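Engineer: Residue numbers (the deposited numbering), protein chains in the order written: chain K, 4 to 241; chain H, 3 to 234; chain M, 3 to 244; chain A, 386 to 419, 426 to 433; chain J, 2 to 240; chain G, 6 to 245; chain I, 4 to 251; chain L, 2 to 241; chain E, 342 to 379; chain F, 177 to 291, 302 to 439. Once you've had a glance at the structure underneath, I'll fire off some questions.
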Ligand SMILES: Nc1ncnc2c1ncn2[C@@H]1O[C@H](COP(=O)(O)OP(=O)(O)O)[C@@H](O)[C@H]1O
């Protein structure tokens, strides 16, 4: 009888598992696949658009968003929950830039975002906050003093440094592929080719301009989201 | 229908709140009380019968004055009636303080009905299990009102709630006349108590209070005994 | 069995009893045994502390707190509940000192802490403190008192009492002991031997004995039994238990 | 196995001797599941 | 179970209360909005008043500000509340920054308000869907759709309410670049989309049009018959 | 029919609050019994004492307390609830003394504590303090008063009252005594109370199992009957 | 099921507590209002006059809110009183803030916003009260609005709410000549509606509660029909009915 | 269901247990293993890093809260991180107001007081995190194990997490030496315990282990794959 | 409970192997029965 | 019936006091019923035990049935709560009735049972008024094992019905060792193993858990490649037991 421990986040199972947090974890599997890879030359983020209607404006679907010029984001989960998470991430980045007048590292960014998360079971929610776990998984990538850096954020608030992490409806298959196709000194161009290969292999529909949003961050340039023509150039090779 | 008889903030699919009706049922199980509006004044009566004559009847009173001209009587719980008395006294004194004028009984009934209904707003607090009878005299006119646990308030020429309220109401509608006099009003109220009193009302077994142009006064036991002897 | 009425501490039973308090009673009864005895010029305390693993340091989970400089603290039940109760009692004693300017009488401190633990009994959003604790003190102008306060919130004065799984056994074994005459010296040995007999070796073994006292022998100050007195008490326990 | 059978039937429906991936997609859309997941999740 | 709790995830990771609130929009009335090169239009299906209801206060299309309009579907009272809050926020934003509110900002505010109304117990989600239309002060045609879940999306021509799927397919099959070349072509498109579901024509149809910053006038009941007459003339022209 | 006995704030059909009666039974759950009797100018309260073992300090197991210097109190039921109730009563009495500048009458003190209990029984945020209360005292122009308060918030004046497990039988015996219409001098009030307890328990108690408190007009201070005086009273009764 | 606190959504999307608040109005007394060319009126049924009600009152169902405002109530008495007090409060607040009598639309929207807030959130039972606001303004002359426990409202020229409200409104719409009714014709129509909708062969003036709002000489006057006036009106209608039946 | 007594920490089982507290206790058995040892003048924290996948970095289990006191977490990440922030704030407050390090005993006492509140009152879920606490103060090193039941133990060593019983038995067996070790010997015993809880097919690699050491003159420093290389260079081979 | 007291006294009689009962036997029997009652 | 239960008290271990009580409560009065009627009192018509699940309550019942060669009936406790209204004087009476002709007999109640909610009331009314209507010579006895002491009916826990009460405690440490030993005498286990260490590693383990320990230890002794003569297998078995599945659960630090 798991049902009594199902209701509510403040209930411990006989196995000690947080079942509602587990359900928030599984709610990621309803989001479109997002793939991020860590390379010495930078980090690339590739996502699946899952366009409902050809009439929809593609720019509205924000799988990849800019937290700061030096950092990038990729998302998989509830759009609303993410939007709040992204706004908090940007606000905290600007708070760091105000107080310390420096570009805050992506590890500290994911630390602060996780601080906003994992707060569902807290009494500080009296003014108003989330009484349920956030149901969106975050893929943070960027460049900092430690070179390029990629971090994946767990809806429970856990973050880990991942050389190549895939989140979304197809986390298992894309992660299994990245397990054997990833290599440490892999160049940024071949990394982006590998990411697009995995996305093509795992996508439900065929690969085109409107099925993927691509982002890249390298130590030289700032956050760059691949425009249409750049997408065509990178997708003709594959 | 059972799942909707447990909360005060959920509507039954067919009708309305059931906890209000259950509080009204608690009211109906209380000590019988009657109130009669005469031409010149108003009288209200209730029975103080309780076992164990050890009980000091003078200690508590079921008929209390709100101000110099307003009196009230309940039929139901005692402690809820006491709380209602305190609240009504507070409202009357607040009205007096702001307007520097004795509070008209109609406004008092509206305010006390609002007070009782404010306990029916939300769950976790129960409605008062007490129905009030408000007697008053102002503007050359005697007033008689009944306040409900639901917050509904209405006027009454002559009514009787509590235990055996239906027979009391039938007797009153068979006896009450608009041209009644105060003394005959008290006689009718005492007889209405008597017909279901079960135990030969004494001077202290019943408690009555009268209100007229000379304000509201709870009758002393001597006058109650005199009226009982006159009725016999 | 009281099903349907024991889910909260603000709901009575058809018999008219709050079952949450009785379950806290049972929790205390399923815990270690601690005893205390009030001598002519002070009180002494004894605890059967079970070392659950040899890995724990000696003195781990100190069960004999000191609420005030002159007030003892012997507890049984849940160690976390006991620590919270000791902390709130310390806060109460500090507030009494700050407001009234003198040491809190043991009867008044017991009354206040019992009031608090009762206040944690009659709500529904909180749970009764599942631990029974002892209170002991010695004042030159007041005397020596001993108080046992259980999760029920009751605070009775005991000549010398015990709490734990060996409640009744320690009651019988302490009854034959005559109590009112001697001082701490001729009562620490008795406390040690009573604790050593009530403890069962075949099941629930590996326990260590710790004692504390307050009195004029330590200038009305609660403190642990000194090492020399502790070891001579242990030797008396060994020779008496044969 | 029912999904594979339905993919075969879908291929038969278009009178094609070879079943395509689209036929398997439609078969799994029919058997499995016997806007809500596309407008709030993404 | 997992359905009667707003902030409880189902085992398959669904907030079923939010989805039920979303589905409550489908029980409303059809409302389609199309944006063109210089015009944005709001076509809704107007319920036929029986004999006594005043159409003046059955407002389905309401203007949040001089540069934004919106049509809702799903719950009149919740709609009224969100409309009042949206205009209050538009005025407050113009107070804070002195420039007129862009369609994106007001849409984001509405979505955030509905979201914050669907993140705690004791707060029923706003069971309406909104079609935000208008022009930014730079003069760009933007249309937005807000979901009861608290999310928003950019649509070139979307439909909400009952039968919104059929109107969606109609727009998919009929939204072309040349179909919005002139204002009359956009009007023809939106009227055809409406008649796809409300086939009677004439009445049961309300249109509001927005050209470049003119303080939109809803098409009064004197040219809607004229516009549907032109639609029928074209309809017999091509067939 | 049933199932409405779970929440204090829930009205059952036929308008019956079960939880209040459940608290009333929790009063008897204490296992003790007390009686109070009032004379022309005296008021005596006496309660039974049960001591499981000599291990307890008999001086701290008292069941009757002192609210103010001239108002006494005795209670039965859950003893922790009783101590909380006397603490609240002392608070209320001193606060009344502060606010109005004169000693709290017994009737008003009982009224206010019953109002507190009613507020507890009206909202579902409390357990309604399942312990009975009996107060005694002297008021000018009225004489002695004996007042009883219950968890329901009901308070009344009593010429003679009781509480505990033997409520009904003690009340019947007190009825039999009161219907004889006798003056009830101080010694005879104490005698009648002790006889009530003895007959209702059929124990013929030793003098060490009872505590007595009396208030008289000549001694308005609530005096707790010490061991010597209770010994005198009850041994004289035994011989008388 | 999904019949718990009002802040719940049925899978089909229905707000069942709000629906029950809707259907609860059918238990209330029947009240109707009709819009005439040069006046408006509110006709209400006194469902509870047993033998001994003092009738110390101006109107139970009809409640005056402002020198230009009047409305009839239909629902639980407590929610009725609370809503009427809030109506007076908001009307006087608007008068204080703007130094102008509050428009009917604005006041009705304020009350309906309050009612929606009572079903939008908080775990509070919605006001089971339906209202019929009567008033005049410079903006739209004479207006009639019918409220709703759900927090909705509508502008009507003829509307009946209470028991047998469906049949009453059906026959009313069958027998309403818009734009060509004076106060007298509206009164006769209201009397006929109350006759056909109440469970009495010959309804008495006591069971009928009628208040008329009319703007004349710069100011709007709200008056309830006196006992003699309402008796004359009902007797005129019964002789009209007698003439109709003898002619047939 | 007879297990309706495990839904919140505010209900007792009829056997006198808080089943939800026990579930919180067992929750930390789901975390990875971690052991700690202490010498005369040095306390060590060695934890078994776990990775979600071999393609991502290992989860950090040793957290630095102050120069003299450091902790190791084993349980839910959220509660462990919240407790870490609370300890950091408490230590900073101590350094600000008293200019002295918080004694480890006082810090663990405050930890227990803080995590007892969820145990007692409805609302916050009990902190389901087992913590190994190691620091320095006047009376030398200490290692403290904070159980999720708001109970803590002063221990010479302890192992919390998955398959911790084997490590506990290893420490019981080698008890007689821990006190008299230097840095290398105690680190070696800790690594052997972590190898004991590790299964046969796995071994303590540089990425799999993390070391935290505090001492009299050496501040609490966390060691990683390159930093644990010298500590593993002297390691003996697994006794397989 | 009283018949239980008697039967338990009879049972106590054969724990110490008597063919009869004693007064202390009745005391300990009623003690055990009272504890079972609690 | 399972008439041959094949026990000799060498199967039950760590319950010496318990089996002594069982013997003195059932079979000692059975053979000295004469000394009972000399006292003028009736023999105990039914024993009772209680304890955590898997502590050997059924094994001791089977052992008593073996040493007394008495017919065994394994009446279930949770099964009887269902089967509609009728599992009172239709199955319980059926269980008792025809057992009395092949009557060296010991009928056996098992896991506690509930000792809307009216069917269990009827079940226990049938129990009390059928067990109380017992046999004079008491040639058939009842043993009424349960699982907890929380729920007790005084009408059953009184004299006659269920007065003889035996507590089954959790095996402490050496009882754990004894259980391990007993469940490992049929495997060719070398003296190289150390049962005492396994016993001190069996904290919280209760009875049948140790049997599962032995079984799993043998299973992996096969898994190691049929490597007989091993104690490391006992160690790993102590680690896995019921918790053999290893969660691999994320969001745990
Ligand atoms: N002391 C013991 N010695 C040997 N085996 C035991 C012991 N206790 C329990 N067992 C094992 O546990 C099982 C019996 O469990 P038991 O407690 O009788 O069942 P239940 O709890 O379902 O009534 C048997 O397989 C038996 O071998």
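Positions of the beta carbon are idealized from the N, C-alpha and C atoms, including for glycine.
Using 8 Å as the cut-off, classify the Cβ of residue 231 of chain F as near or not near the heavy atoms of ligand 1, replying yes or no.
Structural biologist: Correct: residue 231 of chain F has its Cβ closer than 8 Å to ligand 1.
Engineer: Could you give the DSSP three-state label for residue 123 of chain L: helix, strand or coil?
Structural biologist: Coil.
Engineer: Spatial neighbours of residue 121 of chain K within its chain, please: C-beta separation below 7 Å, excluding the five flanking residues on both sides.
Structural biologist: Here the set comprises 159, 160.
Engineer: Keeping to the same chain, check which residues put their C-beta closer than 6 Å to that of residue 161 of chain M; ignore five residues upstream and five downstream.
Structural biologist: 181, listed in sequence order.
Engineer: Please name the residue or residues paired with residue 141 of chain G in a DSSP beta bridge.
Structural biologist: In the DSSP output, where bridge partners are listed per residue, residue 141 of chain G has G:77, G:151.
Engineer: Determine whether the Cβ of residue 21 of chain G lies closer than 9 Å to any Cβ atom of chain H.
Structural biologist: So yes, residue 21 of chain G belongs to the interface.
Engineer: Name the chain F residues that come within less than 9 Å of residue 28 of chain K, Cβ to Cβ?
Structural biologist: 436, 437, listed in chain order.
Engineer: Of the residues that make up the segment 7-36 of chain M, which ones have a beta carbon closer than 8 Å to any beta carbon in chain G?
Structural biologist: Those residues of the segment 7-36 of chain M that come within reach of chain G (Cβ to Cβ, closer than 8 Å) are 7, 11, 12, 13, 14, 15, 16, 17, 18, 19, 20.
Engineer: Specify the secondary structure class of residue 18 of chain G as computed by DSSP and reduced to three states.
Structural biologist: Looking at residue 18 of chain G - three-state DSSP - the assignment turns out to be helix.
Engineer: Below 8 Å, how does it come out for the segment 103-118 of chain L and the segment 116-124 of chain M: are there three or more Cβ pairs, yes or no?
Structural biologist: Taking 8 Å as the limit for Cβ pairs, the verdict is that the segment 116-124 of chain M does not touch the segment 103-118 of chain L.
Engineer: For a test of your reading of the model: does the CB of residue 182 of chain F fall under 8 Å from any non-hydrogen atom of ligand 1? Yes or no.
Structural biologist: Not so, every heavy atom of ligand 1 lies at least 8 Å from the Cβ.
Engineer: For the beta strand (DSSP E) containing residue 223 of chain L, name the first residue and the last one.
Structural biologist: 222-224 is the span of the beta strand (DSSP E), which, as asked, contains residue 223 of chain L.
Engineer: Should residue 396 of chain F be counted as a contact of ligand 1 given a C-beta to heavy atom distance under 8 Å?
Structural biologist: For ligand 1, at least one heavy atom lies less than 8 Å from the Cβ of residue 396 of chain F.
Engineer: Please list the terminal residues of the continuous beta strand (DSSP E) segment that includes residue 170 of chain I.
Structural biologist: No beta strand (DSSP E) holds residue 170 of chain I; the alpha helix (DSSP H) holding it covers 168-177.
Engineer: Compute the Euclidean distance between the alpha carbons of residue 122 of chain L and residue 125 of chain M, then round it to the nearest angstrom.
Structural biologist: Their backbone Cα atoms lie some 10 Å apart in a straight line.
Engineer: Counting only runs that start and end within the segment 178-224 of chain L, where is the alpha helix (DSSP H) found for 4 or more residues in a row?
Structural biologist: Those alpha helix (DSSP H) runs which fall completely within the segment 178-224 of chain L and span 4+ residues are 184-198.
Engineer: Using 8 Å for Cβ pairs, my map puts residue 138 of chain L next to residue 98 of chain L. What's the rounded Cβ distance?
Structural biologist: About 17 Å; that fails the 8 Å criterion.
Engineer: Ligand 1 and residue 189 of chain F: does the residue's C-beta get closer than 8 Å to at least one heavy atom of that ligand?
Structural biologist: Yes, the Cβ of residue 189 of chain F comes within 8 Å of a heavy atom of ligand 1.
Engineer: Under 8 Å by Cβ, that's how I've got residue 48 of chain H and residue 209 of chain H pegged, so tell me the actual separation to the nearest angstrom.
Structural biologist: Residue 48 of chain H to residue 209 of chain H, Cβ: 6 Å. Contact.
Engineer: Can you say whether residue 74 of chain K is buried or exposed, counting buried as having 16 or more other CB atoms within 10 angstroms of its CB?
Structural biologist: Residue 74 of chain K is buried by the Cβ-count criterion.
Engineer: Using beta carbons (cut-off 9 Å, strictly below), is residue 130 of chain G in contact with chain M?
Structural biologist: Chain M, which has a Cβ nearer than 9 Å to the Cβ of residue 130 of chain G, makes this yes.
Engineer: Kindly provide the ranges of any alpha helix (DSSP H) runs that are 4 or more residues long and lie completely inside the segment 307-390 of chain F, ordered along the chain.
Structural biologist: The segment 307-390 of chain F contains these whole alpha helix (DSSP H) runs: 340-343, 360-369, 381-386.
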